[PDB]
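run17.tsv (TSV, C-alpha atoms and all ligand atoms)
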chain	number	residue	atom	x	y	z
A	4	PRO	CA	11.55	205.71	191.35
A	5	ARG	CA	12.26	202.78	193.72
A	6	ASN	CA	15.87	201.74	194.17
A	7	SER	CA	16.28	198.87	196.50
A	8	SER	CA	19.77	197.98	195.09
A	9	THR	CA	22.64	197.55	197.53
A	10	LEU	CA	25.27	196.71	194.90
A	11	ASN	CA	26.76	200.21	195.43
A	12	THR	CA	27.71	199.13	199.02
A	13	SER	CA	28.58	195.50	198.28
A	14	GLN	CA	31.48	193.32	197.20
A	15	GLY	CA	31.00	190.90	194.31
A	16	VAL	CA	32.60	189.02	191.44
A	17	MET	CA	31.53	188.81	187.80
A	18	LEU	CA	32.05	185.71	185.64
A	19	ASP	CA	32.22	186.23	181.85
A	20	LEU	CA	30.27	183.16	180.73
A	21	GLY	CA	29.61	184.86	177.39
A	22	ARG	CA	33.30	184.31	176.59
A	23	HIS	CA	34.10	181.37	178.94
A	24	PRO	CA	31.05	179.14	179.44
A	25	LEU	CA	30.76	177.20	182.72
A	26	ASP	CA	28.43	174.46	183.95
A	27	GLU	CA	26.37	174.27	187.13
A	28	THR	CA	29.02	172.39	189.09
A	29	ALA	CA	31.63	175.05	188.31
A	30	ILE	CA	29.25	177.94	189.04
A	31	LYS	CA	28.26	176.42	192.39
A	32	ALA	CA	32.00	176.23	193.24
A	33	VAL	CA	32.34	179.95	192.34
A	34	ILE	CA	29.34	180.83	194.52
A	35	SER	CA	30.90	178.86	197.38
A	36	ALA	CA	34.23	180.65	196.90
A	37	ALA	CA	32.53	184.07	196.90
A	38	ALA	CA	30.71	183.15	200.11
A	39	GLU	CA	33.97	181.91	201.74
A	40	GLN	CA	35.51	185.30	200.92
A	41	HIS	CA	32.58	187.21	202.47
A	42	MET	CA	31.33	188.59	199.15
A	43	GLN	CA	27.62	189.38	198.80
A	44	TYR	CA	26.96	188.62	195.13
A	45	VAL	CA	28.04	186.76	192.02
A	46	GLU	CA	27.25	188.33	188.66
A	47	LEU	CA	26.77	185.97	185.72
A	48	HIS	CA	27.50	187.64	182.37
A	49	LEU	CA	25.36	185.15	180.45
A	50	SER	CA	25.80	186.40	176.90
A	51	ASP	CA	28.14	188.37	174.67
A	52	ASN	CA	29.24	188.28	171.04
A	53	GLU	CA	30.81	184.85	171.40
A	54	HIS	CA	28.27	182.71	173.33
A	55	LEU	CA	24.67	182.76	174.43
A	56	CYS	CA	24.65	180.91	177.78
A	57	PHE	CA	20.99	181.17	178.80
A	58	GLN	CA	18.07	179.30	177.28
A	59	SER	CA	15.28	181.65	176.11
A	60	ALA	CA	11.85	180.31	175.25
A	61	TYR	CA	11.45	183.16	172.77
A	62	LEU	CA	14.81	182.69	171.10
A	63	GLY	CA	14.26	178.93	170.82
A	64	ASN	CA	17.84	177.88	171.65
A	65	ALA	CA	18.57	174.45	173.10
A	66	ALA	CA	19.83	174.04	176.67
A	67	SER	CA	22.97	172.19	177.74
A	68	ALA	CA	25.42	172.11	180.61
A	69	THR	CA	26.63	175.58	179.60
A	70	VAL	CA	23.49	177.01	177.95
A	71	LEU	CA	21.69	177.28	181.22
A	72	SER	CA	18.03	176.24	181.27
A	73	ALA	CA	15.50	177.96	183.50
A	74	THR	CA	15.63	174.91	185.78
A	75	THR	CA	19.43	175.07	186.00
A	76	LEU	CA	19.26	178.82	186.77
A	77	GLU	CA	16.61	178.23	189.44
A	78	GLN	CA	18.85	175.59	191.05
A	79	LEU	CA	21.81	178.02	191.04
A	80	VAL	CA	19.66	180.77	192.60
A	81	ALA	CA	18.50	178.36	195.29
A	82	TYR	CA	22.10	177.34	196.02
A	83	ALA	CA	23.17	181.00	196.20
A	84	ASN	CA	20.26	181.71	198.52
A	85	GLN	CA	21.40	178.91	200.85
A	86	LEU	CA	24.81	180.66	201.09
A	87	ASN	CA	23.24	184.14	201.42
A	88	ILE	CA	24.71	185.20	198.03
A	89	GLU	CA	22.75	187.25	195.52
A	90	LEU	CA	22.94	185.92	191.95
A	91	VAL	CA	22.90	188.83	189.50
A	92	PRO	CA	22.02	188.10	185.86
A	93	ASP	CA	23.97	190.15	183.35
A	94	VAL	CA	22.81	190.15	179.71
A	95	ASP	CA	24.39	192.83	177.60
A	96	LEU	CA	22.25	195.02	175.41
A	97	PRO	CA	22.09	196.80	173.03
A	98	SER	CA	25.64	195.90	171.96
A	99	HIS	CA	27.79	192.88	172.84
A	100	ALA	CA	24.71	191.01	171.55
A	101	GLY	CA	26.23	188.99	168.69
A	102	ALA	CA	25.18	185.57	170.04
A	103	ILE	CA	21.59	186.70	170.71
A	104	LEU	CA	21.45	188.11	167.17
A	105	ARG	CA	22.75	184.90	165.58
A	106	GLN	CA	20.06	182.91	167.38
A	107	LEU	CA	17.31	185.44	166.58
A	108	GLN	CA	18.21	185.19	162.86
A	109	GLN	CA	17.37	181.48	163.00
A	110	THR	CA	14.03	181.59	164.86
A	111	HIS	CA	12.64	185.11	164.20
A	112	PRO	CA	14.23	186.22	160.87
A	113	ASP	CA	11.57	189.00	160.56
A	114	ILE	CA	12.45	190.48	163.93
A	115	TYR	CA	16.19	190.07	163.20
A	116	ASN	CA	15.92	192.14	160.03
A	117	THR	CA	14.00	194.86	161.94
A	118	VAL	CA	16.34	195.02	164.93
A	119	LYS	CA	19.85	194.22	163.59
A	120	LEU	CA	21.98	197.39	163.61
A	121	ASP	CA	25.27	195.53	163.13
A	122	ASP	CA	26.55	192.03	163.91
A	123	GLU	CA	26.98	192.90	167.59
A	124	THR	CA	24.19	195.41	168.18
A	125	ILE	CA	20.42	195.73	168.16
A	126	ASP	CA	18.93	199.00	166.91
A	127	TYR	CA	18.08	200.67	170.22
A	128	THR	CA	16.43	203.57	168.34
A	129	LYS	CA	13.55	201.27	167.32
A	130	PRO	CA	10.55	200.06	169.42
A	131	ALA	CA	11.20	196.48	168.29
A	132	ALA	CA	14.56	196.57	170.12
A	133	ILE	CA	12.93	197.50	173.49
A	134	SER	CA	10.34	194.75	172.92
A	135	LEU	CA	13.07	192.18	172.34
A	136	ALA	CA	14.98	193.34	175.42
A	137	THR	CA	11.97	193.20	177.74
A	138	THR	CA	10.91	189.80	176.39
A	139	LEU	CA	14.34	188.36	177.20
A	140	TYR	CA	14.63	190.08	180.57
A	141	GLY	CA	11.12	189.15	181.65
A	142	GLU	CA	11.98	185.50	181.01
A	143	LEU	CA	15.16	185.74	183.08
A	144	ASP	CA	13.52	187.69	185.89
A	145	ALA	CA	11.27	184.73	186.60
A	146	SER	CA	14.24	182.33	186.77
A	147	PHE	CA	16.14	184.69	189.08
A	148	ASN	CA	13.15	185.64	191.22
A	149	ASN	CA	13.35	183.30	194.20
A	150	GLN	CA	15.91	185.23	196.24
A	151	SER	CA	15.82	188.43	198.26
A	152	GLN	CA	17.67	190.86	195.99
A	153	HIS	CA	16.88	191.41	192.34
A	154	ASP	CA	19.43	193.16	190.14
A	155	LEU	CA	20.16	192.75	186.43
A	156	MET	CA	23.11	194.24	184.54
A	157	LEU	CA	21.87	195.61	181.21
A	158	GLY	CA	25.45	196.76	180.51
A	159	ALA	CA	25.20	199.14	177.52
A	160	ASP	CA	29.02	199.18	177.15
A	161	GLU	CA	30.72	200.06	173.90
A	162	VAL	CA	27.53	201.05	172.08
A	163	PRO	CA	27.88	202.21	168.42
A	164	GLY	CA	26.04	205.42	167.42
A	165	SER	CA	26.28	209.19	166.93
A	166	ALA	CA	25.70	211.67	169.73
A	167	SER	CA	22.13	212.08	168.38
A	168	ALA	CA	21.61	208.28	168.48
A	169	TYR	CA	22.76	208.32	172.12
A	170	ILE	CA	19.68	210.40	172.97
A	171	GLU	CA	17.66	207.33	171.99
A	172	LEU	CA	20.01	205.08	173.97
A	173	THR	CA	18.83	206.89	177.12
A	174	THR	CA	15.24	206.18	176.20
A	175	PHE	CA	16.04	202.49	175.57
A	176	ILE	CA	17.75	202.16	178.93
A	177	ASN	CA	14.99	203.95	180.82
A	178	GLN	CA	12.22	201.90	179.18
A	179	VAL	CA	14.01	198.66	180.01
A	180	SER	CA	14.73	199.85	183.58
A	181	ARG	CA	11.08	200.76	184.13
A	182	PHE	CA	9.95	197.36	182.79
A	183	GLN	CA	12.43	195.72	185.15
A	184	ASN	CA	11.12	197.74	188.10
A	185	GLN	CA	7.61	196.43	187.28
A	186	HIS	CA	9.09	192.94	187.83
A	187	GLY	CA	10.81	193.91	191.08
A	188	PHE	CA	14.31	194.25	189.51
A	189	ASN	CA	16.86	197.02	189.80
A	190	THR	CA	19.01	197.80	186.74
A	191	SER	CA	22.77	198.49	186.34
A	192	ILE	CA	24.77	199.73	183.38
A	193	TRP	CA	28.44	200.44	182.65
A	194	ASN	CA	29.62	204.07	182.50
A	195	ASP	CA	31.42	204.24	179.16
A	196	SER	CA	28.56	204.97	176.73
A	197	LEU	CA	27.03	207.68	178.98
A	198	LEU	CA	27.19	211.28	177.80
A	199	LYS	CA	27.38	214.10	180.33
A	200	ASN	CA	24.43	215.71	178.55
A	201	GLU	CA	22.25	212.60	178.95
A	202	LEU	CA	23.05	211.67	182.51
A	203	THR	CA	20.29	213.71	184.16
A	204	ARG	CA	17.77	212.11	181.74
A	205	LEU	CA	18.76	208.60	182.84
A	206	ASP	CA	16.50	207.36	185.64
A	207	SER	CA	18.15	207.96	189.01
A	208	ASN	CA	17.58	204.39	190.26
A	209	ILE	CA	19.95	202.97	187.62
A	210	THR	CA	23.32	201.97	189.14
A	211	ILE	CA	26.42	202.85	187.13
A	212	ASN	CA	29.40	200.48	187.13
A	213	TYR	CA	32.44	202.68	186.61
A	214	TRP	CA	35.37	200.94	184.86
A	215	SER	CA	37.16	203.61	182.79
A	216	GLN	CA	36.11	207.12	181.71
A	217	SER	CA	37.86	206.54	178.39
A	218	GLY	CA	36.61	202.97	177.91
A	219	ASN	CA	40.25	201.87	178.04
A	220	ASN	CA	41.15	204.01	175.02
A	221	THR	CA	44.69	205.25	174.47
A	222	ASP	CA	44.16	207.34	171.27
A	223	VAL	CA	44.65	210.92	172.41
A	224	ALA	CA	41.78	212.27	170.29
A	225	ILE	CA	39.40	209.64	171.71
A	226	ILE	CA	40.57	210.47	175.24
A	227	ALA	CA	39.96	214.16	174.59
A	228	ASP	CA	36.46	213.48	173.34
A	229	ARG	CA	35.59	211.29	176.30
A	230	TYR	CA	37.02	213.78	178.80
A	231	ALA	CA	34.84	216.51	177.30
A	232	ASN	CA	31.68	214.48	176.69
A	233	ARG	CA	31.45	211.28	178.78
A	234	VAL	CA	30.52	211.04	182.41
A	235	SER	CA	33.03	211.41	185.22
A	236	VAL	CA	32.50	210.19	188.76
A	237	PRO	CA	31.77	213.78	189.89
A	238	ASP	CA	29.12	213.99	187.19
A	239	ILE	CA	27.47	210.86	188.59
A	240	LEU	CA	27.64	212.18	192.16
A	241	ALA	CA	25.94	215.41	191.01
A	242	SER	CA	23.21	213.45	189.20
A	243	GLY	CA	22.45	211.22	192.21
A	244	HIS	CA	22.91	207.78	190.59
A	245	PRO	CA	24.36	204.89	192.64
A	246	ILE	CA	27.94	203.95	191.72
A	247	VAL	CA	29.87	200.67	191.76
A	248	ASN	CA	33.66	200.94	191.42
A	249	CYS	CA	34.89	198.64	188.62
A	250	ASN	CA	38.29	200.38	188.19
A	251	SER	CA	39.69	198.58	185.13
A	252	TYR	CA	43.28	198.64	186.49
A	253	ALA	CA	42.52	197.27	189.97
A	254	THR	CA	39.44	195.08	189.45
A	255	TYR	CA	39.72	193.54	185.94
A	256	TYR	CA	41.55	190.29	185.29
A	257	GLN	CA	41.60	187.98	182.25
A	258	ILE	CA	40.72	184.35	183.00
A	259	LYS	CA	43.29	183.43	180.34
A	260	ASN	CA	46.07	184.66	182.67
A	261	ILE	CA	45.06	182.79	185.83
A	262	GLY	CA	47.93	180.50	186.79
A	263	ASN	CA	50.66	182.99	185.90
A	264	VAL	CA	52.18	183.27	189.35
A	265	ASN	CA	53.64	186.81	189.17
A	266	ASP	CA	50.65	188.38	187.43
A	267	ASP	CA	48.19	186.66	189.72
A	268	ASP	CA	50.21	187.71	192.76
A	269	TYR	CA	50.35	191.36	191.72
A	270	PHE	CA	46.60	191.50	190.98
A	271	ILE	CA	45.69	189.90	194.28
A	272	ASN	CA	48.13	191.81	196.44
A	273	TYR	CA	47.19	195.16	194.81
A	274	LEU	CA	43.48	194.43	195.26
A	275	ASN	CA	43.83	193.19	198.79
A	276	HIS	CA	46.31	195.72	200.16
A	277	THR	CA	46.64	198.81	197.96
A	278	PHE	CA	43.30	199.51	196.22
A	279	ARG	CA	40.58	201.45	198.05
A	280	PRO	CA	36.89	201.74	197.15
A	281	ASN	CA	36.97	205.50	196.42
A	282	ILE	CA	39.73	205.19	193.81
A	283	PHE	CA	38.39	205.46	190.25
A	284	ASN	CA	39.79	205.24	186.72
A	285	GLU	CA	39.15	208.64	185.11
A	286	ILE	CA	40.82	211.00	182.64
A	287	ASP	CA	42.94	213.65	184.32
A	288	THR	CA	43.58	217.23	183.14
A	289	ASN	CA	46.68	216.06	181.22
A	290	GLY	CA	44.70	213.59	179.12
A	291	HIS	CA	45.97	210.52	180.95
A	292	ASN	CA	43.98	207.54	182.08
A	293	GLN	CA	44.49	208.02	185.81
A	294	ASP	CA	43.59	204.72	187.46
A	295	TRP	CA	44.31	206.35	190.85
A	296	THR	CA	41.69	209.14	190.90
A	297	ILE	CA	40.65	209.74	194.50
A	298	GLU	CA	37.00	210.78	194.75
A	299	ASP	CA	36.46	212.29	198.19
A	300	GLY	CA	32.77	212.89	197.45
A	301	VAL	CA	32.07	209.17	197.16
A	302	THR	CA	30.64	207.86	200.46
A	303	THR	CA	29.71	204.35	199.27
A	304	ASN	CA	32.15	201.49	198.83
A	305	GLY	CA	30.80	199.02	196.28
A	306	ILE	CA	33.39	197.10	194.23
A	307	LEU	CA	32.91	194.45	191.56
A	308	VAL	CA	35.85	192.27	190.46
A	309	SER	CA	35.46	191.27	186.81
A	310	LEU	CA	36.89	188.02	185.40
A	311	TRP	CA	36.82	188.47	181.63
A	312	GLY	CA	36.87	185.35	179.52
A	313	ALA	CA	38.26	185.88	176.01
A	314	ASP	CA	40.63	183.18	174.71
A	315	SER	CA	40.58	181.19	177.98
A	316	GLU	CA	39.13	177.81	176.92
A	317	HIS	CA	41.80	175.71	178.65
A	318	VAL	CA	41.68	177.42	182.06
A	319	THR	CA	40.02	175.03	184.49
A	320	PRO	CA	37.13	175.71	186.90
A	321	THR	CA	39.46	174.79	189.77
A	322	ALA	CA	41.89	177.51	188.68
A	323	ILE	CA	39.10	180.12	188.51
A	324	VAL	CA	37.70	179.12	191.91
A	325	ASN	CA	41.10	179.13	193.60
A	326	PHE	CA	41.81	182.61	192.21
A	327	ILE	CA	38.53	183.90	193.69
A	328	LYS	CA	39.47	182.32	197.00
A	329	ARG	CA	42.50	184.64	197.14
A	330	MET	CA	40.40	187.83	196.92
A	331	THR	CA	39.66	190.02	199.95
A	332	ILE	CA	37.94	193.00	198.36
A	333	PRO	CA	38.62	196.15	200.41
A	334	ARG	CA	35.71	197.73	202.24
A	335	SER	CA	37.30	200.74	203.96
A	336	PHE	CA	38.62	203.94	202.39
B	1	LIG	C1	32.53	196.88	180.45
B	1	LIG	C2	33.72	196.48	179.65
B	1	LIG	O1	34.82	196.36	180.17
B	1	LIG	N1	33.49	196.13	178.38
B	1	LIG	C3	34.45	195.35	177.56
B	1	LIG	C4	35.90	195.94	177.59
B	1	LIG	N2	36.72	195.32	178.67
B	1	LIG	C5	38.08	195.82	178.75
B	1	LIG	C6	38.93	194.65	179.18
B	1	LIG	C7	38.24	193.50	178.45
B	1	LIG	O2	38.59	193.54	177.06
B	1	LIG	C8	36.76	193.81	178.65
B	1	LIG	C9	35.83	193.21	177.60
B	1	LIG	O3	35.76	191.80	177.77
B	1	LIG	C10	34.45	193.83	177.82
B	1	LIG	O4	33.59	193.09	177.01

What do you get writing this file as structure tokens?
Ligand SMILES: CC(=O)N[C@H]1CN2CC[C@H](O)[C@@H]2[C@@H](O)[C@@H]1O
Amino acid sequence: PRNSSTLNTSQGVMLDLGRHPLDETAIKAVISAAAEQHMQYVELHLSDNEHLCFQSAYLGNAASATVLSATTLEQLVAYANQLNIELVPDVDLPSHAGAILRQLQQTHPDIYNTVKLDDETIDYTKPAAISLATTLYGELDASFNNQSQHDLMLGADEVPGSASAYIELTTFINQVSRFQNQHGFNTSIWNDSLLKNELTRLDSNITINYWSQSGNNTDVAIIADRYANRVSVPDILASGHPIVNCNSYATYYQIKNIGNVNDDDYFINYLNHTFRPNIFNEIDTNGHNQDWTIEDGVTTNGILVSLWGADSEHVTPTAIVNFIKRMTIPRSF
């Protein structure tokens, strides 16, 4: 399978629009900031449980300053292209899909009843769920097409299901990835819903964004289960998938907290001076979340910084942009 992605050797920033919507003016200022800081891409997390921030012809939602029309997205892609920045759509499925589901209930109540697993999740074991996913992604691919590099984050974080259900999650991801490849797009997913036993069945051109082996769990029984059953970085190296380091200690920050001088200073200084690209957040042999796991087998250096948006309505675009302008993501081990 073709894998033209270079995200595994790139530096980028992710904006959580699904929790903290932004308009075109603000997103252009983020793109500019990323370019000033020598980043290669900006990832737009366009939907989550809270908000649906892309217009879909199929879903029938109305556009606005923050529900980005195809024309607005095309303008942002053209702006990014002028600054030599890749714009990476990021539309979470099958979970973190509450806003898509609420809209689908209104315009396709039939399809909603078929595909709703829970309030946040489409039923990825059913053919109707893959059909929905490819319909939405095909629409977005066209809006994001007029640039050199084509990547979309499918996500697949925090997915509900049994171990048996997860077998069907692999199939869902692969079918969507193959559809995307037909449209010239590479696909990324998070690591946390990936079983060891499924990893070799996941297409090898799918990039895995590695945030936390435990999914930021502290319950010791959950940790034990994820240590035994969920992918490590060594597992991913053995399977041959590309990796992006999204270490949840070093690379995650809540928009809500921007402007807190000490916290901002620690995050920035740790990122800029202490963190290294081969340092992952994995479970150690003592059952601890070890955010400083050195992986000597990793030869690539990709890092994404994630700005998560819950409960951050009053944080301004200027504050977000100025925080990005402080970042110098490390490139050397
Ligand atoms: C990939 C991932 O981090 N998934 C979720 C869990 N993380 C952990 C830190 C945030 O809650 C963030 C949340 O906003 C995300 O939706």

### Query
If you measure from atom CA of residue 132 of chain A to atom CA of residue 118 of chain A, what distance in Å do you get, rounded to one decimal?
5.7 Å

#### Entry: At most 8 Å from ligand LIG 1 (chain B) (all atoms listed in the file): residue list as a PyMOL selection string
chain A and resi 19+22+51+99+158+160-161+193+195+214+218-219+251+255-257+311-313

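Of the listed residues A:268, A:53, A:123, A:27, the one whose atoms come nearest to residue 326 of chain A is A:268, with distances taken using all atoms listed in the file.
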
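For the pair atom CA of residue 305 of chain A and atom CA of residue 253 of chain A, the separation is 13.4 Å.
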
### Task
Find the residue from A:197, A:86, A:306, A:143 that sits nearest to residue 47 of chain A; use only C-alpha atoms when measuring.
A:143

### Task
Using all atoms listed in the file, determine which residues lie at most 8 Å from residue 232 of chain A, disregarding the query and same-chain residues fewer than 5 positions distant; provide the list as a list in words.
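In the requested format, the answer is residues 198, 199 and 200 of chain A.
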
### Query
Separation of atom CA of residue 64 of chain A and atom CA of residue 124 of chain A, in Å?
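Result for atom CA of residue 64 of chain A versus atom CA of residue 124 of chain A: 19.0 Å, one decimal.
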
Using only C-alpha atoms, which protein or nucleic acid residues come within 10 Å of residue 252 of chain A? Drop anything in the same chain fewer than 2 positions from it, and give the result as a PDB file with C-alpha atoms, in the coordinates of the input.
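As written to disk, around-v8.pdb reads:
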ATOM      1  CA  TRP A 214      35.370 200.940 184.860  1.00  0.00           C
ATOM      2  CA  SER A 215      37.160 203.610 182.790  1.00  0.00           C
ATOM      3  CA  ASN A 219      40.250 201.870 178.040  1.00  0.00           C
ATOM      4  CA  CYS A 249      34.890 198.640 188.620  1.00  0.00           C
ATOM      5  CA  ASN A 250      38.290 200.380 188.190  1.00  0.00           C
ATOM      6  CA  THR A 254      39.440 195.080 189.450  1.00  0.00           C
ATOM      7  CA  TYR A 255      39.720 193.540 185.940  1.00  0.00           C
ATOM      8  CA  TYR A 256      41.550 190.290 185.290  1.00  0.00           C
ATOM      9  CA  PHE A 270      46.600 191.500 190.980  1.00  0.00           C
ATOM     10  CA  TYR A 273      47.190 195.160 194.810  1.00  0.00           C
ATOM     11  CA  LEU A 274      43.480 194.430 195.260  1.00  0.00           C
ATOM     12  CA  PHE A 278      43.300 199.510 196.220  1.00  0.00           C
ATOM     13  CA  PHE A 283      38.390 205.460 190.250  1.00  0.00           C
ATOM     14  CA  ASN A 284      39.790 205.240 186.720  1.00  0.00           C
ATOM     15  CA  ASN A 292      43.980 207.540 182.080  1.00  0.00           C
ATOM     16  CA  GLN A 293      44.490 208.020 185.810  1.00  0.00           C
ATOM     17  CA  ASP A 294      43.590 204.720 187.460  1.00  0.00           C
ATOM     18  CA  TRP A 295      44.310 206.350 190.850  1.00  0.00           C
TER      19      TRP A 295
END

Give as a PDB file with C-alpha atoms, in the frame of the given file every residue, naming chains and numbers as the document does, that has an atom within 10 Å of (20.3, 178.6, 186.7), counting all atoms listed in the file.
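And here is the file that came out, part_2.pdb:
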ATOM      1  CA  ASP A  26      28.430 174.460 183.950  1.00  0.00           C
ATOM      2  CA  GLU A  27      26.370 174.270 187.130  1.00  0.00           C
ATOM      3  CA  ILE A  30      29.250 177.940 189.040  1.00  0.00           C
ATOM      4  CA  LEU A  47      26.770 185.970 185.720  1.00  0.00           C
ATOM      5  CA  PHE A  57      20.990 181.170 178.800  1.00  0.00           C
ATOM      6  CA  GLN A  58      18.070 179.300 177.280  1.00  0.00           C
ATOM      7  CA  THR A  69      26.630 175.580 179.600  1.00  0.00           C
ATOM      8  CA  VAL A  70      23.490 177.010 177.950  1.00  0.00           C
ATOM      9  CA  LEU A  71      21.690 177.280 181.220  1.00  0.00           C
ATOM     10  CA  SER A  72      18.030 176.240 181.270  1.00  0.00           C
ATOM     11  CA  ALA A  73      15.500 177.960 183.500  1.00  0.00           C
ATOM     12  CA  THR A  74      15.630 174.910 185.780  1.00  0.00           C
ATOM     13  CA  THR A  75      19.430 175.070 186.000  1.00  0.00           C
ATOM     14  CA  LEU A  76      19.260 178.820 186.770  1.00  0.00           C
ATOM     15  CA  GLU A  77      16.610 178.230 189.440  1.00  0.00           C
ATOM     16  CA  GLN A  78      18.850 175.590 191.050  1.00  0.00           C
ATOM     17  CA  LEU A  79      21.810 178.020 191.040  1.00  0.00           C
ATOM     18  CA  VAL A  80      19.660 180.770 192.600  1.00  0.00           C
ATOM     19  CA  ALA A  81      18.500 178.360 195.290  1.00  0.00           C
ATOM     20  CA  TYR A  82      22.100 177.340 196.020  1.00  0.00           C
ATOM     21  CA  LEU A  90      22.940 185.920 191.950  1.00  0.00           C
ATOM     22  CA  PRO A  92      22.020 188.100 185.860  1.00  0.00           C
ATOM     23  CA  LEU A 143      15.160 185.740 183.080  1.00  0.00           C
ATOM     24  CA  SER A 146      14.240 182.330 186.770  1.00  0.00           C
ATOM     25  CA  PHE A 147      16.140 184.690 189.080  1.00  0.00           C
TER      26      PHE A 147
END

### Query
Could you pull the residues within 12 Å of residue 201 of chain A, counting all atoms listed in the file, minus those fewer than 4 positions along the same chain, as a VMD selection string?
chain A and resid 166 to 174 176 to 177 194 196 to 197 205 to 207 232 to 234 238 to 239 242

Take every atom of segment 272-284 of chain A listed in the file, fit an axis-aligned box around them, add 3 Å per side, and give the centre and edge lengths in Å to one decimal as AutoDock Vina command-line options.
--center_x 42.5 --center_y 198.7 --center_z 193.4 --size_x 17.2 --size_y 19.7 --size_z 19.4

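The shortest atom-to-atom distance to residue 10 of chain A, with all atoms listed in the file taken into account, belongs to A:43 out of A:98, A:117, A:43, A:67.
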
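Of the listed residues A:235, A:190, A:335, A:180, the one whose atoms come nearest to residue 281 of chain A is A:335, with distances taken using all atoms listed in the file.
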
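Nearest to residue 329 of chain A of all the residues A:211, A:307, A:107, A:271 is A:271, counting all atoms listed in the file.
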